[PDB]
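Report on the following structure.
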Amino acid sequence: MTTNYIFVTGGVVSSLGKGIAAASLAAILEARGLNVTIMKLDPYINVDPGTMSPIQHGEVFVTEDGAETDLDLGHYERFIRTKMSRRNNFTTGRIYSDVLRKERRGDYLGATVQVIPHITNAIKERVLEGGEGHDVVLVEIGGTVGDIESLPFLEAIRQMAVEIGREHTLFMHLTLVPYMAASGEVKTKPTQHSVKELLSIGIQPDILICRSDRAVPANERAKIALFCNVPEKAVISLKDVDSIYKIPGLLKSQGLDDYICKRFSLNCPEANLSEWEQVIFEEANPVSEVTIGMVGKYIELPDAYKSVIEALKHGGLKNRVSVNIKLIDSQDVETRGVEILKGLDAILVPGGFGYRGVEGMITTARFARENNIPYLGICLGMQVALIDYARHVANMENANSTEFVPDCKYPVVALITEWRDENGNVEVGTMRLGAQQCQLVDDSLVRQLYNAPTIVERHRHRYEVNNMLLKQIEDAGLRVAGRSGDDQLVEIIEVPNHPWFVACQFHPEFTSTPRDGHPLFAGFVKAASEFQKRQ
Amino acid sequence: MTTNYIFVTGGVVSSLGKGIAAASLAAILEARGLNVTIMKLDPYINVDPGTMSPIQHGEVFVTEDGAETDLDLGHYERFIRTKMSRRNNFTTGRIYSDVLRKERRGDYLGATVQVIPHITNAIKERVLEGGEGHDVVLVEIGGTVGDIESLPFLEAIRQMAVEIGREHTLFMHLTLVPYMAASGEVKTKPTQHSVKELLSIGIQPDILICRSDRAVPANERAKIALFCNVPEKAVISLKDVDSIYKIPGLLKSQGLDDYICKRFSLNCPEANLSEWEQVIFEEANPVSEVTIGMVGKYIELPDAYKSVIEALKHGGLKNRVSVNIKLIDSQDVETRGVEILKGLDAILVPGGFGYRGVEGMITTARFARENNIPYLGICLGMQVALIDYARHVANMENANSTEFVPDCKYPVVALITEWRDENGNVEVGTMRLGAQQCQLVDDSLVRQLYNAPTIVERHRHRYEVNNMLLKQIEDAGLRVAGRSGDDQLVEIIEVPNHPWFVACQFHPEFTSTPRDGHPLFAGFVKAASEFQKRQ
Amino acid sequence: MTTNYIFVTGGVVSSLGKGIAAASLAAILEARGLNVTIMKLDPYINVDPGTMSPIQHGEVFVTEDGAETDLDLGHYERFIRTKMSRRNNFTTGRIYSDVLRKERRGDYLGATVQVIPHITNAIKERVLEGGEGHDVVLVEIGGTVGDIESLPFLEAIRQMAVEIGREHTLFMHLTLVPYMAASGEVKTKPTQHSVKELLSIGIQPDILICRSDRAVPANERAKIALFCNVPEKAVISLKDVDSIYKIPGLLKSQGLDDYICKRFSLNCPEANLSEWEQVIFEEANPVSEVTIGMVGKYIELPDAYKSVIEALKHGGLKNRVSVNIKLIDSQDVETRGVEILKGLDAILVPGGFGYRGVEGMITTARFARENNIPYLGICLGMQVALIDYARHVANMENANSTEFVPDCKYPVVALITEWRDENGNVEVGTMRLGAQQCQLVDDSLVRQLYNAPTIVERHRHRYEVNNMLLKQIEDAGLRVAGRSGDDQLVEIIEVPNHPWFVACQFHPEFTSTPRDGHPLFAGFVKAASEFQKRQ
Ligand SMILES: Nc1ccn([C@@H]2O[C@H](COP(=O)(O)OP(=O)(O)OP(=O)(O)O)[C@@H](O)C2(F)F)c(=O)n1
Ligand SMILES: Nc1ccn([C@@H]2O[C@H](COP(=O)(O)OP(=O)(O)OP(=O)(O)O)[C@@H](O)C2(F)F)c(=O)n1
Ligand SMILES: Nc1ccn([C@@H]2O[C@H](COP(=O)(O)OP(=O)(O)OP(=O)(O)O)[C@@H](O)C2(F)F)c(=O)n1
Ligand SMILES: Nc1ncnc2c1ncn2[C@@H]1O[C@H](COP(=O)(O)OP(=O)(O)O)[C@@H](O)[C@H]1O
Ligand SMILES: Nc1ncnc2c1ncn2[C@@H]1O[C@H](COP(=O)(O)OP(=O)(O)O)[C@@H](O)[C@H]1O
Ligand SMILES: Nc1ncnc2c1ncn2[C@@H]1O[C@H](COP(=O)(O)OP(=O)(O)O)[C@@H](O)[C@H]1O
Ligand code: NA
Ligand code: NA
Ligand code: NA
């Protein structure tokens, strides 16, 4: 058949939850047996978010192919089984970089290179590249209709709709319908004005998704329909929900997938949302409760840890354990000591870069190891666990990473090219990104949990365990639970004189889903439940 | 010398409280000794609110000169001591009516009559007529910037700004800065887009008033300033408040009146808000509480009783009593009996037209008279009090108004022209609107409260007390407390053998203010608390 | 003093003559003794027009510093004596290239890189770099207000106006006021709508320049003023003129420079336009007439030869000779023979790249040399003259450039790195751009005309005269009139058995002005006049 496109735009404000709405609609369509994908067009000038700081736009998501992407691709993978790659996310920066490359080396044959057709052509080419082969492609346009930054994306998708044909293309626009407490009604005026803004760029929306802190009533939806040239049945209410896993059900109950399947002439069975109903059921029927402390340096922006927070909740689902996630600043552990780590059933130290707040994480790893509090360390969380054990068990005073203290005597963490021992003796793309096969060691906690000899997890780090100093830490009782590659790089460590102490170099949070959970997070939350019971 | 204008527009949504914001700014400027006025330009086609239904439109406000005006002119008179007239409110309807009549007459000398200049000229003439002679004129533009209905007003004030000069004109634009729960941010984007919309009409705002459920922080105000060509100190936060009487102080604390006085080269002393400080104090520090039942036929829209609800609150301020106003549908009294009138410390029956729910009100007046529950009847509320006393004390079976039962035996309430006795015997402009001098009766409860032989109150009514049946009601012990005119029309009735029972034909709520209160409402709330003690 | 900025935008259509209007205003201000510069912001993605084809956007202008720029910088240098450089022209491509470079190497320190502030900051930095030091800086914004491509430039200059202050910044907007033949009036509606478009982006224009095929009358200018918030005196008529040299006078006669000097508080004497009055006088008072054939490959777009065409007219001014420039396709000379070169008083072969139409130019050079028709060859025009003489006089059959026939026996024109002789023997940044000192040979025609031993002219070429084959062409009677550099590269050749035959490698048209003329073009047109008289 001919691939169909749903272009998803946002009006009035950002932070509408456009990724989650697009992902939720994708989940309904996939549950009708359709081959569906999603792609994110970001109006940022960054060629990719690989440079970007976690405390700016949130977590840097990593795909299998090692692309550094917007955290929305995390939402996409948690809602649909279509695996994301580089071609599901691109920026204005990427588009201009490509056109500039082609221009400087004569591809345009002396032409004036213009926003139209050259920038718009490059956008359309990347949409087609990511989309063609699928039944339905959701194309999420970042930025707000009415702003400068999204205009080339909007002009590009306007052209695509005409070329491909309106039998194969739909415009789905999200707006804010805010509640005015003073008047006790939700307001359609921003929707009315946002639709006129979208039309002024050349796009008639086919479907309006109305974000509000409550259902948009029939009268307000009829008024939006009346002023926006949209059928009343294509005006959809997407209220604030306590669980994003409910959104597929809410959209399906308003016939959104039926409307799309009719417009695209797709003859497919009714969506079976049993898998989402199950996740909701699990969430609403916990048997016990745990408090897990996430001790990191980016807690001021929780979205810095989006996938980790979701992974912990998924750990809860599989154990019927309600997880109270307590975000704790590692700098507060440096200031106020281990007093603030009290009342925790488990401690997670997530990924990060830079020395700021790391000594707090090392102190935190110490506290969890000594007091037998279940511990999961991710990337930096593994480094601080290795440093902790190197210093306080293997008696390597001031043991550190070359990232933090370049000239330290015991660089137990360092770049492969920097590897040295305590006497400064040496051996005879440092950045690891995306899916890597990891060999699990027999009689390791993780080799049981994963229940396989080999696993595939995703990396985003350059600072490795120093193999030259590892043997001394192994003598002192630290277990290597996982390795990878020719250089036998350390992937997982365990402290076996402890009910549950695991730390990995990879980001297991990136392969966790609400439906399939994750062996490591399920095990971590189980251990948290067991600890809570023993108190 | 030269009259200054502040044009006040609204963006994003209506229900911003633009009239209250304008009235609040006018209160600060009046408190600096300036001669200030406010006018409301309504984009509705109704020539005036005279026809409009309370349930749909809200209360019809009446000025001294007997103009039927927008509810907002009530806010104006409650915030400043400048008296409103016909000149302070006009509609699109009034403007097109003016121009159509000039055209049909032949004033335009066979010219093509156009939105510009003819409609815009008619708007500017009415603004100048209302404004000139004042130091500062606040011109509130109804409707939302971006809608069709306000465009002629916006083009008119754009022209006025250029003609009069920008040394004497400012544009003050209200927007919504909504809060997004999921991001914990207030959003400037709607303000950004609304200012571009206002610019697209030809108006650069000078001052932005940011309505939000919370204070708009410095970063958000700075961002608005950056995108809107507005100095940061001219971006004002007008958060949701528990009392509108706080708004003058909140605007003063942000230097709004200083900015305006500087722009207009007005050298005047600092605003003395001591009277508003007293009002805010009184409201926050009630010594006792009362429940007053307002029994009417429009309670489905409380704004139908805007000035009555405010007058009750002001009654509370003067006696240091918190007033819990219970809105009771008079038809529920017809249906479920007088049981729904229990737990009331006082009963108010306000104005209204048409028979629907009136029998419930008559029964309510009976219940209040027989159980010694304090009673204030306003217009219809007086009619039902006379009808009650006529029926159940003066033994006039089925005594009614000709408005409701035209051919009733005892029309104790009827038009002056319709006046007849029980046998059908007669004596050998009916609508009363605006200020009327009323003579009070010596030793009456109202002669006391008002402390004058003559008072001025405002009428909006047609149906009078039938003087041919009055003497019979007087014999049964009803006291006439006030009269007016050559026709000796009954203005106020009292029931002696009652702690507090007053009913008046005029609307005393239209002369009540938070600062000076109202003798009648002060008396009524005083009686309500005295009753509440005796229980 | 503080540098003042005039931001010059275009509305309704492109091809308004915005460069010439900005240049003409600059000429008035310079004639008031002000230090004035102009810069062009082009919304094209090309990093520069160095790649761009002549038959797309017109001639590639070259500044002294060797920057390849928009032809508008040619207008700037012909109207003001402030010499242009790289910093007087930049593109969107250049801006994005710079921001992308900075981003990929961590200058933004993990920030999200955005159109605002990062793209707008980069634009503002380049405006300040090109402007600061001058009294008045004219900033010409390419593209049309209302289009996507100019929005970042427009947002950038909006920010600059607020930051620098409106005491130092003016917005000057050009619009089309088209004539409707059917109704016999010029139309202000496009101006009205274009101004609202500009305002919707956040810019209130201060000055409106109305382009029309006739003066915009007082009534139409008053109507524009009324609807656009612009004083009537700041609405300027810029009609179509027969000579662009008249434009400074037309703008001065409407008080435009007075208005600018008042807004910027610049106390300077009345503009003395004597130099422009002289150019106009010369143009209007020729003594004789000549027809000069320009034989090239880009004649379908005359703007491909903008500076050459102006240089020929300037040649006319200095001789009081009216020059009829006949554009002749060199491919028509290949097809139809030298029949179409009849009735020419002189022949100019301008610059170009690619073999298409070159054999026609060689044939043309032959015709001019043999029939004693005055000849000027520029760059390619010199190559074809050398080829002509090499082939038909020095008996080097099929003598050619390596650009056209790489493997030819006699590459008399070739890259320095390709230099070889007829037997394939060799010697024991190829691109030359911008100002180069050239040594003129004693007893050469050019050493007289330039009347100096050394001259500075501007290059844009890589294909040089082959020194290894030159001596043989010199033996055959060709004179080398000019050389440059260590490699003694041939800059000028002459055929001395001819009244006037000169060809240069440089682009003398780039240093020609209407006021100062050019020694070489003056001499060329003189020779054309002398030839015309001899017939
Ligand atoms: N394009 C338009 C649309 C409407 N209106 C005018 O808009 C007016 C109503 O204004 P409101 O009550 O603020 O708007 P609402 O649409 O009900 O939106 P909300 O859901 O935010 O309350 C009518 O007089 C009108 F006349 F209908 C207008 O003038 N031009
Ligand atoms: N005219 C404009 C203005 C801004 N932006 C772009 O707007 C983007 C930021 O979008 P956000 O975070 O949703 O907007 P905010 O302005 O912070 O407003 P809020 O207070 O509602 O959050 C930048 O990349 C940009 F580039 F700055 C734009 O493209 N065109
Ligand atoms: N913003 C505006 C401006 C004007 N008009 C209306 O525009 C109408 C006149 O239309 P025309 O004759 O085509 O316009 P012109 O301005 O004279 O421009 P041109 O110079 O191109 O002829 C009036 O009825 C109006 F009413 F004045 C309008 O409705 N809204
Ligand atoms: N239905 C919903 N109810 C509550 N929060 C939601 C909902 N959908 C999304 N969110 C949250 O809203 C926030 C904003 O989402 P984001 O992806 O930044 O929006 P946008 O794509 O429009 O910029 C996120 O924290 C997201 O989890
Ligand atoms: N600052 C404020 N805080 C709380 N409520 C407010 C505030 N300002 C106004 N209100 C309330 O909000 C409503 C304003 O609606 P309205 O005056 O009709 O809107 P507009 O002035 O935009 O036409 C009223 O119910 C008023 O009491
Ligand atoms: N006053 C004028 N009269 C006639 N032609 C003019 C005038 N001003 C400019 N032109 C011509 O108009 C054409 C368009 O100029 P151009 O620089 O392309 O405009 P823009 O900068 O708006 O794109 C050029 O050929 C230019 O020489
Ligand atoms: Na409404
Ligand atoms: Na923002
Ligand atoms: Na007209």
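Within each chain, counting starts at residue 1; across the structure tokens, chains are named A, B, ... in the order shown, with ligands numbered 1 upward in that order.
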
Distance-based interface of chain B with chain C, 12 Å, counting only C-alpha atoms, as a PyMOL selection string: chain B and resi 116-117+146+155-163+165-166+192-205+223+225-232

Produce a file of the selected residues containing C-alpha atoms, as a PDB file, in the first residue's frame.
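Writing done, so here's out.pdb:
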ATOM      1  CA  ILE B 116     -13.193  53.812   8.173  1.00  0.00           C
ATOM      2  CA  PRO B 117     -13.747  56.683   8.500  1.00  0.00           C
ATOM      3  CA  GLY B 146      -7.622  38.496  17.373  1.00  0.00           C
ATOM      4  CA  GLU B 155      -8.681  50.763  14.599  1.00  0.00           C
ATOM      5  CA  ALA B 156     -10.481  53.763  16.246  1.00  0.00           C
ATOM      6  CA  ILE B 157      -8.115  53.843  19.305  1.00  0.00           C
ATOM      7  CA  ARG B 158      -5.039  53.306  17.011  1.00  0.00           C
ATOM      8  CA  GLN B 159      -6.085  56.493  15.083  1.00  0.00           C
ATOM      9  CA  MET B 160      -6.813  58.375  18.380  1.00  0.00           C
ATOM     10  CA  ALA B 161      -3.300  57.533  19.736  1.00  0.00           C
ATOM     11  CA  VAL B 162      -1.667  59.067  16.578  1.00  0.00           C
ATOM     12  CA  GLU B 163      -4.045  62.151  16.454  1.00  0.00           C
ATOM     13  CA  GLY B 165      -0.158  62.045  20.321  1.00  0.00           C
ATOM     14  CA  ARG B 166       1.740  59.325  22.251  1.00  0.00           C
ATOM     15  CA  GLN B 192       4.063  36.587  22.919  1.00  0.00           C
ATOM     16  CA  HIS B 193       1.447  35.559  20.259  1.00  0.00           C
ATOM     17  CA  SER B 194      -1.264  37.977  21.598  1.00  0.00           C
ATOM     18  CA  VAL B 195       1.122  41.021  21.409  1.00  0.00           C
ATOM     19  CA  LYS B 196       1.994  40.054  17.753  1.00  0.00           C
ATOM     20  CA  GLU B 197      -1.804  39.870  17.051  1.00  0.00           C
ATOM     21  CA  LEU B 198      -2.279  43.379  18.633  1.00  0.00           C
ATOM     22  CA  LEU B 199       0.735  44.696  16.599  1.00  0.00           C
ATOM     23  CA  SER B 200      -0.791  43.159  13.386  1.00  0.00           C
ATOM     24  CA  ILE B 201      -3.848  45.480  13.990  1.00  0.00           C
ATOM     25  CA  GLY B 202      -1.375  48.446  14.295  1.00  0.00           C
ATOM     26  CA  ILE B 203      -1.087  48.727  18.128  1.00  0.00           C
ATOM     27  CA  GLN B 204       2.238  48.472  20.047  1.00  0.00           C
ATOM     28  CA  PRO B 205       1.311  47.839  23.718  1.00  0.00           C
ATOM     29  CA  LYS B 223      11.093  37.078  28.500  1.00  0.00           C
ATOM     30  CA  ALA B 225       9.611  42.215  27.745  1.00  0.00           C
ATOM     31  CA  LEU B 226      12.285  40.807  25.332  1.00  0.00           C
ATOM     32  CA  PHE B 227       9.734  39.536  22.722  1.00  0.00           C
ATOM     33  CA  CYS B 228       7.089  42.360  23.012  1.00  0.00           C
ATOM     34  CA  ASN B 229       9.154  45.659  22.734  1.00  0.00           C
ATOM     35  CA  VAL B 230       7.935  46.486  26.317  1.00  0.00           C
ATOM     36  CA  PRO B 231      10.307  47.640  29.122  1.00  0.00           C
ATOM     37  CA  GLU B 232      10.597  44.977  31.920  1.00  0.00           C
TER      38      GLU B 232
END

Strand (DSSP E) call set, DSSP backbone run, segment 208-418 of chain C, as a ChimeraX atom specification: /C:208-212,235-239,288-296,321-329,346-349,375-378,400-401,411-414

Dump C-alpha atoms for the selected residues as a PDB file, in the first residue's frame?
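Written file, part.pdb:
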ATOM      1  CA  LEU C 208       7.976  54.301   4.161  1.00  0.00           C
ATOM      2  CA  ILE C 209       9.689  54.435   0.708  1.00  0.00           C
ATOM      3  CA  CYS C 210       6.904  53.960  -1.918  1.00  0.00           C
ATOM      4  CA  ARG C 211       8.209  52.419  -5.194  1.00  0.00           C
ATOM      5  CA  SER C 212       5.890  53.135  -8.191  1.00  0.00           C
ATOM      6  CA  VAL C 235       6.098  58.700   3.577  1.00  0.00           C
ATOM      7  CA  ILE C 236       8.555  59.145   0.639  1.00  0.00           C
ATOM      8  CA  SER C 237       7.839  58.678  -3.129  1.00  0.00           C
ATOM      9  CA  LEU C 238      10.623  56.781  -5.041  1.00  0.00           C
ATOM     10  CA  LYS C 239       9.288  56.653  -8.638  1.00  0.00           C
ATOM     11  CA  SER C 288      28.292  61.897 -30.018  1.00  0.00           C
ATOM     12  CA  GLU C 289      26.936  58.288 -29.885  1.00  0.00           C
ATOM     13  CA  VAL C 290      28.570  54.797 -30.186  1.00  0.00           C
ATOM     14  CA  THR C 291      27.201  51.205 -30.320  1.00  0.00           C
ATOM     15  CA  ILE C 292      29.424  48.785 -28.268  1.00  0.00           C
ATOM     16  CA  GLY C 293      28.731  45.018 -28.573  1.00  0.00           C
ATOM     17  CA  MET C 294      29.085  43.004 -25.332  1.00  0.00           C
ATOM     18  CA  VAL C 295      29.661  39.406 -26.612  1.00  0.00           C
ATOM     19  CA  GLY C 296      29.240  36.869 -23.746  1.00  0.00           C
ATOM     20  CA  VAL C 321      29.702  59.748 -25.524  1.00  0.00           C
ATOM     21  CA  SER C 322      26.205  58.134 -25.364  1.00  0.00           C
ATOM     22  CA  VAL C 323      26.927  54.333 -25.323  1.00  0.00           C
ATOM     23  CA  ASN C 324      24.314  52.005 -26.936  1.00  0.00           C
ATOM     24  CA  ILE C 325      25.239  48.627 -25.303  1.00  0.00           C
ATOM     25  CA  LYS C 326      24.177  45.740 -27.629  1.00  0.00           C
ATOM     26  CA  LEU C 327      24.111  42.398 -25.689  1.00  0.00           C
ATOM     27  CA  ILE C 328      25.186  39.665 -28.216  1.00  0.00           C
ATOM     28  CA  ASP C 329      25.174  35.882 -27.419  1.00  0.00           C
ATOM     29  CA  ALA C 346      33.748  48.497 -30.300  1.00  0.00           C
ATOM     30  CA  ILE C 347      33.495  44.901 -28.885  1.00  0.00           C
ATOM     31  CA  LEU C 348      33.753  43.914 -25.159  1.00  0.00           C
ATOM     32  CA  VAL C 349      34.099  40.198 -24.166  1.00  0.00           C
ATOM     33  CA  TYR C 375      38.376  45.492 -28.253  1.00  0.00           C
ATOM     34  CA  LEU C 376      38.336  45.184 -24.419  1.00  0.00           C
ATOM     35  CA  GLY C 377      38.653  41.624 -22.986  1.00  0.00           C
ATOM     36  CA  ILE C 378      38.008  40.969 -19.241  1.00  0.00           C
ATOM     37  CA  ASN C 400      43.002  26.437 -25.902  1.00  0.00           C
ATOM     38  CA  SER C 401      42.528  26.566 -22.074  1.00  0.00           C
ATOM     39  CA  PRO C 411      47.401  25.052 -23.368  1.00  0.00           C
ATOM     40  CA  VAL C 412      48.182  28.845 -23.646  1.00  0.00           C
ATOM     41  CA  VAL C 413      45.738  29.231 -20.658  1.00  0.00           C
ATOM     42  CA  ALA C 414      46.060  26.753 -17.707  1.00  0.00           C
TER      43      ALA C 414
END

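What separates atom CA of residue 464 of chain B from atom CA of residue 382 of chain B is a distance of 10.1 Å.
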
Segment 247-443 of chain A: residues DSSP assigns to alpha helix (DSSP H), reported as an NGL selection string: :A and (247-253 or 256-263 or 274-284 or 306-319 or 330-336 or 358-370 or 380-392)

Within-7 Å residues of ligand 1, basis only C-alpha atoms and all ligand atoms, as number ranges by chain: A: 186-190, 220, 223, 227; B: 13-14, 43-44, 143-144, 147-150

Residues within 10 Å of residue 108 of chain C, only C-alpha atoms, excluding chain neighbours under 2 positions, as a ChimeraX atom specification: /A:46,51-52 /C:99,102-106,110-113,118

Env. residues ligand 5 / 7 Å / only C-alpha atoms and all ligand atoms / as a PyMOL selection string: (chain A and resi 182-183) or (chain B and resi 10+14-21+72+142+238-244+247)

Point-to-point distance from atom CA of residue 170 of chain C to atom CA of residue 269 of chain C, Å rounded to tenths: 20.7 Å

Spatial neighbours of residue 39 of chain A, max dist 7 Å, only C-alpha atoms, sep filter under 4 positions, as a list in words: residues 88, 89, 138, 139 and 140 of chain A

Could you dump the residues just selected with N, CA, C and O atoms as a compact mmCIF listing (two decimals), in the first residue's frame?
# COMPACT_ATOMS: atom_id res chain seq x y z
N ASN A 88 14.74 8.51 13.02
CA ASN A 88 13.48 8.85 13.75
C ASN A 88 13.63 10.18 14.49
O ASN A 88 12.69 10.57 15.17
N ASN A 89 14.78 10.85 14.39
CA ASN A 89 15.01 12.15 15.06
C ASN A 89 16.01 12.97 14.24
O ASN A 89 17.09 12.46 13.93
N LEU A 138 3.84 8.69 12.09
CA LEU A 138 3.58 9.90 12.89
C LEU A 138 4.82 10.79 12.86
O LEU A 138 5.92 10.31 13.19
N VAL A 139 4.65 12.04 12.43
CA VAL A 139 5.75 13.03 12.29
C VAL A 139 5.45 14.15 13.28
O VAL A 139 4.55 14.99 12.99
N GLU A 140 6.14 14.13 14.42
CA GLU A 140 6.00 15.14 15.49
C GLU A 140 6.89 16.35 15.17
O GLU A 140 8.14 16.20 15.12

Distance query residue 283 of chain B at most 9 Å, only C-alpha atoms, self and fewer than 3 positions along chain excluded, as a PyMOL selection string: chain B and resi 243+278-280+286+313-314+316-317+320-322

Hey, can you spit out that residue selection with N, CA and C atoms as a compact mmCIF listing (two decimals), in the first residue's frame?
# COMPACT_ATOMS: atom_id res chain seq x y z
N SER B 243 -9.52 38.58 47.16
CA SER B 243 -10.34 39.82 47.17
C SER B 243 -9.85 40.82 46.12
N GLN B 278 -7.87 49.56 54.78
CA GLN B 278 -8.92 49.39 55.82
C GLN B 278 -9.92 48.33 55.35
N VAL B 279 -10.34 48.39 54.08
CA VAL B 279 -11.31 47.42 53.48
C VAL B 279 -10.73 46.00 53.55
N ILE B 280 -9.47 45.83 53.15
CA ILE B 280 -8.76 44.51 53.13
C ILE B 280 -8.67 43.98 54.56
N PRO B 286 -13.20 39.28 60.36
CA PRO B 286 -14.58 39.22 60.84
C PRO B 286 -14.63 38.65 62.27
N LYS B 313 -21.63 41.77 51.03
CA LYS B 313 -20.20 41.74 51.46
C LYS B 313 -19.84 43.06 52.16
N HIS B 314 -20.22 44.21 51.58
CA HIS B 314 -19.91 45.56 52.14
C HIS B 314 -20.67 45.77 53.45
N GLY B 316 -21.29 43.38 55.56
CA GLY B 316 -20.39 42.60 56.44
C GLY B 316 -19.17 43.39 56.90
N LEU B 317 -18.53 44.15 56.00
CA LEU B 317 -17.32 44.95 56.30
C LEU B 317 -17.64 45.95 57.42
N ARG B 320 -18.24 44.17 60.69
CA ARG B 320 -17.15 43.19 60.94
C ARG B 320 -17.76 41.78 61.06
N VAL B 321 -18.64 41.44 60.12
CA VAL B 321 -19.34 40.13 60.02
C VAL B 321 -18.98 39.49 58.67
N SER B 322 -18.58 38.21 58.68
CA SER B 322 -18.44 37.36 57.48
C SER B 322 -19.83 36.92 57.03

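Using only C-alpha atoms, the protein and nucleic acid residues lying no more than 6 Å from segment 512-522 of chain C, apart from those fewer than 3 places from it along its own chain, are residues 78, 311, 314, 315, 449, 450, 509 and 525 of chain C.
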
Of the listed residues A:154, A:493, A:251, A:387, that which approaches ligand 4 most closely, counting only C-alpha atoms and all ligand atoms: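 The shortest atom-to-atom distance to ligand 4 comes from A:251.
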
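With only C-alpha atoms and all ligand atoms as the atoms that count, the residue of B:180, B:428, B:41, B:503 with the shortest distance to ligand 8 is B:180.
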
Close residues, residue 77 of chain B itself excluded, 12 Å, only C-alpha atoms, min 2 positions apart in chain, as a PyMOL selection string: chain B and resi 19-20+22-24+26-27+36-39+61-64+71-75+79-85+88+307+509-516

Selected residue of minimal separation from ligand 4 among A:141, A:456, A:224, A:476, counting only C-alpha atoms and all ligand atoms: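 With only C-alpha atoms and all ligand atoms as the atom set, the closest residue is A:141.
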
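Atom CA of residue 371 of chain A sits 16.7 Å away from atom CA of residue 478 of chain A.
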